[PDB]
$ cat protein_2.pdb   # PDB, C-alpha atoms and all ligand atoms
ATOM      1  CA  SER A 640      -3.121   6.057  82.093
ATOM      2  CA  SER A 641       0.678   5.769  81.876
ATOM      3  CA  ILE A 642       0.959   1.988  81.471
ATOM      4  CA  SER A 643       2.269   0.144  78.426
ATOM      5  CA  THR A 644      -0.141  -2.181  76.622
ATOM      6  CA  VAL A 645       1.076  -5.535  75.319
ATOM      7  CA  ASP A 646       1.021  -5.640  71.512
ATOM      8  CA  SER A 647       0.099  -9.267  70.803
ATOM      9  CA  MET A 648      -1.813  -8.964  67.509
ATOM     10  CA  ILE A 649       0.148 -10.942  64.921
ATOM     11  CA  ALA A 650      -0.454  -8.770  61.864
ATOM     12  CA  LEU A 651      -1.673 -10.644  58.773
ATOM     13  CA  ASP A 652      -2.369  -7.882  56.241
ATOM     14  CA  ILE A 653      -2.444  -9.447  52.771
ATOM     15  CA  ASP A 654      -2.684  -6.620  50.248
ATOM     16  CA  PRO A 655      -5.369  -7.559  47.692
ATOM     17  CA  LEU A 656      -4.459  -8.286  44.094
ATOM     18  CA  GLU A 657      -4.849  -5.050  42.149
ATOM     19  CA  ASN A 658      -6.978  -5.098  39.014
ATOM     20  CA  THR A 659      -5.405  -5.427  35.565
ATOM     21  CA  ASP A 660      -7.041  -4.123  32.378
ATOM     22  CA  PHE A 661      -5.482  -6.269  29.661
ATOM     23  CA  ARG A 662      -4.716  -4.383  26.459
ATOM     24  CA  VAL A 663      -5.689  -5.586  22.994
ATOM     25  CA  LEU A 664      -2.146  -5.667  21.638
ATOM     26  CA  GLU A 665      -1.846  -5.024  17.893
ATOM     27  CA  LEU A 666       1.364  -6.336  16.337
ATOM     28  CA  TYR A 667       0.727  -5.838  12.604
ATOM     29  CA  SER A 668      -1.871  -3.299  11.513
ATOM     30  CA  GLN A 669      -4.288  -4.029   8.681
ATOM     31  CA  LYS A 670      -2.215  -1.899   6.297
ATOM     32  CA  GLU A 671       0.904  -3.991   6.931
ATOM     33  CA  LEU A 672      -1.031  -7.247   6.558
ATOM     34  CA  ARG A 673      -2.419  -6.039   3.226
ATOM     35  CA  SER A 674       0.988  -4.771   2.054
ATOM     36  CA  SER A 675       2.800  -7.993   2.997
ATOM     37  CA  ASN A 676       1.658  -9.630  -0.270
ATOM     38  CA  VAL A 677       3.601  -9.209  -3.506
ATOM     39  CA  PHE A 678       0.474  -9.949  -5.568
ATOM     40  CA  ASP A 679      -2.521  -7.765  -4.698
ATOM     41  CA  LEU A 680      -5.693  -9.120  -6.292
ATOM     42  CA  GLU A 681      -7.487  -5.760  -6.361
ATOM     43  CA  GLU A 682      -4.673  -4.034  -8.261
ATOM     44  CA  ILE A 683      -4.475  -6.906 -10.758
ATOM     45  CA  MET A 684      -8.220  -6.759 -11.398
ATOM     46  CA  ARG A 685      -8.085  -2.972 -11.784
ATOM     47  CA  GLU A 686      -5.276  -3.335 -14.330
ATOM     48  CA  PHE A 687      -7.253  -5.970 -16.240
ATOM     49  CA  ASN A 688     -10.329  -3.717 -16.224
TER      50      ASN A 688
ATOM     51  CA  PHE B 198       9.175  -5.493 -42.244
ATOM     52  CA  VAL B 199       7.708  -2.164 -41.120
ATOM     53  CA  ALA B 200       4.404  -0.777 -39.801
ATOM     54  CA  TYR B 201       4.096   2.954 -40.445
ATOM     55  CA  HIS B 202       1.710   4.819 -38.151
ATOM     56  CA  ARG B 203       0.355   7.282 -40.728
ATOM     57  CA  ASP B 204       1.412   9.083 -43.948
ATOM     58  CA  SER B 205       4.054   6.326 -44.515
ATOM     59  CA  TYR B 206       6.833   8.672 -43.343
ATOM     60  CA  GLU B 207       9.075   7.892 -40.388
ATOM     61  CA  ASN B 208      11.984   9.059 -38.208
ATOM     62  CA  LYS B 209       9.935  11.787 -36.515
ATOM     63  CA  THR B 210      10.709  12.804 -32.920
ATOM     64  CA  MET B 211       7.223  12.704 -31.401
ATOM     65  CA  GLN B 212       6.785  13.966 -27.844
ATOM     66  CA  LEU B 213       5.062  12.064 -25.041
ATOM     67  CA  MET B 214       1.938  13.542 -23.485
ATOM     68  CA  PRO B 215       0.962  13.161 -19.804
ATOM     69  CA  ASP B 216      -2.118  11.192 -20.990
ATOM     70  CA  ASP B 217      -5.244  10.739 -18.838
ATOM     71  CA  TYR B 218      -5.265   9.105 -15.409
ATOM     72  CA  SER B 219      -6.101   5.391 -15.533
ATOM     73  CA  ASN B 220      -4.972   3.722 -12.280
ATOM     74  CA  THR B 221      -3.870   5.028  -8.890
ATOM     75  CA  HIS B 222      -0.346   3.661  -9.502
ATOM     76  CA  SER B 223       0.237   3.845 -13.263
ATOM     77  CA  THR B 224       1.381   7.215 -14.645
ATOM     78  CA  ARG B 225       1.220   6.295 -18.319
ATOM     79  CA  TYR B 226       2.723   8.647 -20.916
ATOM     80  CA  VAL B 227       1.522   8.002 -24.471
ATOM     81  CA  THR B 228       2.270   9.560 -27.866
ATOM     82  CA  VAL B 229      -0.881   9.222 -29.994
ATOM     83  CA  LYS B 230      -3.178  10.288 -27.125
ATOM     84  CA  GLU B 244      -6.438  -2.205 -43.609
ATOM     85  CA  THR B 245      -4.368   0.425 -41.799
ATOM     86  CA  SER B 246      -1.913   0.244 -38.895
TER      87      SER B 246
HETATM   88  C1  LIG A 701      15.095   6.735 -36.828
HETATM   89  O1  LIG A 701      16.281   7.414 -36.498
HETATM   90  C2  LIG A 701      17.062   6.681 -35.577
HETATM   91  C3  LIG A 701      18.144   7.577 -35.015
HETATM   92  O2  LIG A 701      18.990   8.008 -36.054
HETATM   93  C4  LIG A 701      17.589   5.408 -36.249
HETATM   94  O3  LIG A 701      18.226   4.596 -35.287
HETATM   95  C5  LIG A 701      19.347   3.896 -35.859
HETATM   96  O4  LIG A 701      18.981   2.584 -36.213
HETATM   97  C6  LIG A 701      20.015   1.844 -36.827
HETATM   98  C7  LIG A 701      19.439   0.553 -37.364
HETATM   99  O5  LIG A 701      19.176  -0.329 -36.298
HETATM  100  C8  LIG A 701      21.152   1.648 -35.818
HETATM  101  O6  LIG A 701      22.255   0.987 -36.391
HETATM  102  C9  LIG A 701      21.638   3.014 -35.347
HETATM  103  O7  LIG A 701      22.599   2.902 -34.330
HETATM  104  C10 LIG A 701      20.472   3.848 -34.818
HETATM  105  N1  LIG A 701      20.904   5.179 -34.483
HETATM  106  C11 LIG A 701      21.501   5.525 -33.327
HETATM  107  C12 LIG A 701      21.863   6.985 -33.206
HETATM  108  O8  LIG A 701      21.744   4.731 -32.431
HETATM  109  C13 LIG A 701      16.420   4.604 -36.822
HETATM  110  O9  LIG A 701      16.834   3.567 -37.673
HETATM  111  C14 LIG A 701      15.455   5.474 -37.628
HETATM  112  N2  LIG A 701      14.277   4.716 -37.955
HETATM  113  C15 LIG A 701      13.852   4.444 -39.204
HETATM  114  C16 LIG A 701      14.711   4.998 -40.316
HETATM  115  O10 LIG A 701      12.845   3.796 -39.445
END
$ encode --input "protein_2.pdb" --output "structure tokens" --more "lines below"
Ligand SMILES: *[C@@H]1O[C@H](CO)[C@@H](O[C@@H]2O[C@H](CO)[C@@H](O)[C@H](O)[C@H]2NC(C)=O)[C@H](O)[C@H]1NC(C)=O
Amino acid sequence: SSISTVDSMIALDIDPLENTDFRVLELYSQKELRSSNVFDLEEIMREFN
Amino acid sequence: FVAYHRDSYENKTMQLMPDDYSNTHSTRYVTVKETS
């Protein structure tokens, strides 16, 4: 018809928590961890050989 | 004291040869390539 309708629905729309795909963060690569040492055992053994 | 390499002569300007590869880092340059 042409009659207004009372809007009495108290909206409670709680948006769901969106998914998170946690990264595997890499701070120091293997090369840096191997190069962080002054004395490399492999090089010393190669020199001795 | 002295230790002559060979022929007992001395004061010879001997060149250095690129030598053969030994280690990935070392780039050795040698000369020779009851004696002494
Ligand atoms: C081979 O020749 C070199 C170059 O001439 C000689 O080097 C001299 O050595 C004496 C002794 O220690 C030093 O006082 C001189 O200063 C050196 N010369 C230079 C230009 O610095 C060397 O003695 C010679 N080797 C021998 C004769 O066995």
$ interface_residues --input "protein_2.pdb" --of "chain A" --to "chain B" --cutoff "10 Å" --atoms "only C-alpha atoms" --output "PyMOL selection string"
chain A and resi 682+685-686+688
$ write_last_selection --input "protein_2.pdb" --atoms "C-alpha atoms" --output "compact mmCIF listing (two decimals), in the coordinates of the input"
# COMPACT_ATOMS: atom_id res chain seq x y z
CA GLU A 682 -4.67 -4.03 -8.26
CA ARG A 685 -8.09 -2.97 -11.78
CA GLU A 686 -5.28 -3.34 -14.33
CA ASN A 688 -10.33 -3.72 -16.22
$ atom_distance --input "protein_2.pdb" --atom1 "CA of residue 208 (chain B)" --atom2 "CA of residue 245 (chain B)"
18.8 Å
$ resolve_selection --input "protein_2.pdb" --expression "the PyMOL selection byres (((not hetatm)) within 10 of (chain A and resi 701))" --output "mmCIF file with C-alpha atoms, in the frame of the given file"
data_model
loop_
_atom_site.group_PDB
_atom_site.id
_atom_site.type_symbol
_atom_site.label_atom_id
_atom_site.label_comp_id
_atom_site.auth_asym_id
_atom_site.auth_seq_id
_atom_site.Cartn_x
_atom_site.Cartn_y
_atom_site.Cartn_z
ATOM 1 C CA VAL B 199 7.708 -2.164 -41.120
ATOM 2 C CA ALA B 200 4.404 -0.777 -39.801
ATOM 3 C CA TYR B 201 4.096 2.954 -40.445
ATOM 4 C CA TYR B 206 6.833 8.672 -43.343
ATOM 5 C CA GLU B 207 9.075 7.892 -40.388
ATOM 6 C CA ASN B 208 11.984 9.059 -38.208
ATOM 7 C CA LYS B 209 9.935 11.787 -36.515
ATOM 8 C CA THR B 210 10.709 12.804 -32.920
#
$ residues_around --input "protein_2.pdb" --residues "residue 226 (chain B)" --least-positions-apart "4" --cutoff "6 Å" --atoms "only C-alpha atoms" --output "list in words"
residues 213, 214, 215 and 216 of chain B
$ atom_distance --input "protein_2.pdb" --atom1 "CA of residue 225 (chain B)" --atom2 "CA of residue 671 (chain A)"
27.3 Å
$ atom_distance --input "protein_2.pdb" --atom1 "CA of residue 244 (chain B)" --atom2 "CA of residue 211 (chain B)"
23.6 Å
